[PDB]
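One chain follows as structure tokens, the form deposited in one PDB entry.
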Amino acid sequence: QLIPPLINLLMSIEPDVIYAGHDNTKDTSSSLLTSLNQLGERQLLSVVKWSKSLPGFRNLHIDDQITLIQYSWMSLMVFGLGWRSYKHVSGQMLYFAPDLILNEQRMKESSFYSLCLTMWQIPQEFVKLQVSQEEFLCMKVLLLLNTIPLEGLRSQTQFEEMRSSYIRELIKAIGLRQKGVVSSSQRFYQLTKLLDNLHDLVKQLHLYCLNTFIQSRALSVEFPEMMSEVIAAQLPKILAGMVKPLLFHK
């Protein structure tokens, strides 16, 4: 009815609750980091499955699909963390998973605490802007499509048409509430700017990840296989700036 079919479809393909499988009996640095990595493994599997039902995605060359997933993995994860924190704990806690909800107390380490403060920016903006699920779902797809190789994608044409249709869908999502043209136009600017700023934010997560990855044995932190492959295959390249981040505003 009032809800555009594409948005309803996106709602229906959202993943079910994902647990970190964290141990609540026995916590610590490596323990917390290991659980977060376990959660990361389950999240990656979720994004891949999700991408198989995302209208238009399966039509892109297979290599582009793999590349886009790996490129956006961290971004989609932190964005999802932002949504969950916003929806379950009014953004006042980091809701990584039902069995892994972190607050100030569980962030003893200055390095980890700083990282969390950075992630906290998303939930906070979600609360400030009062993002709707309709808007979040469309923004999530745009995130998936927010970075491309320097030489571009193999299915570049199809990629741009897809990005455009989801940009039009984000506008429709905004139209659901923001009825005014001036207000709806200003809201489009705010949401797309939030997406632009994610590049800077995620860079910090990428670096923290790679550093912990390299010192995994010494830090006693386990990194599951699927995620390990994403980190080994693209993070060094991404941190070195060997990719093309897409921006809505120059």
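Heads up, when I say rigid core I mean the largest set of C-alphas that superpose within 1.5 Å between the two forms. Shifts are known only where both forms have a C-alpha. One-based numbering along the sequence shown.
Residue 26, though modelled here, lacks coordinates in at least a third of the other entries of this protein that were compared and that model residues flanking it. The segment from residue 217 to residue 218 is modelled without interruption, since every residue of the deposited sequence in that interval carries coordinates. Relative to one another, 72-80 and 152-160 have unequal mean CA B-factors, and 152-160 is the one with the higher figure.
Looking at mean Cα B-factors across 190-198 and 27-35, the upper value is held by 27-35.
Note on the listed residues 182, 47, 210, 54: the highest Cα temperature factor in the record is that of 182. Across the residues 146, 90, 110, 132, the deposited record lists the maximum Cα B factor for 110. Sorting the modelled residues of the chain by their CA temperature factor places residue 142 in the lowest third. In the PDB entry, a CA B factor belonging to the middle third of its chain's modelled residues is recorded for residue 246. Sort the chain's modelled residues by C-alpha temperature factor and residue 16 lands in the highest third, per the entry.
Residue 97: CA B factor in the lowest third of modelled residues in this chain (values from the PDB entry).
In the PDB entry, residue 127 places in the lowest third of its chain by CA B-factor.
Absent from the display: the form deposited with a partner chain bound. The rest refers to it.
Scanning 192, 30, 51, 38 against its partner chain in the deposited complex with a 4.5 Å heavy atom cut-off leaves one residue, 51. In terms of contact with its partner chain in the deposited complex, the residue from 166, 96, 79, 73 that brings a heavy atom within 4.5 Å is 73.
In the deposited complex, at least one heavy atom of residue 65 sits within 4.5 Å of a heavy atom of its partner chain. By the criterion of a heavy atom within 4.5 Å, residue 58 is counted among the residues contacting its partner chain in the deposited complex. Contact check for residue 205: no non-hydrogen atom falls within 4.5 Å of its partner chain in the deposited complex.
When contacts are judged by a 4.5 Å heavy atom cut-off, residue 201 does not count as touching its partner chain in the deposited complex. In the overlay on the core between the shown form and the other one, a shift of 2 Å or more in CA position is seen for a single residue of 78, 100, 143, 107, which is 107. The rigid-core alignment places the CA of residue 17 less than 2 Å apart between the shown form and the other one. Fitting the two forms on the rigid core leaves the C-alpha of residue 213 displaced by at least 2 angstroms between the shown form and the other one.
Compared with the form shown here, the Cα atoms of residue 237 and residue 197 sit 3 Å or more closer together in the deposited complex.
Relative to this form, in the deposited complex the C-alpha atoms of residue 234 and residue 54 separate from one another by 3 angstroms or more. After fitting on the rigid core, stretches of 3+ residues whose CA atoms all move by 2 angstroms or more between the shown form and the other one lie at 23-26, 107-111, 213-218, 227-241.
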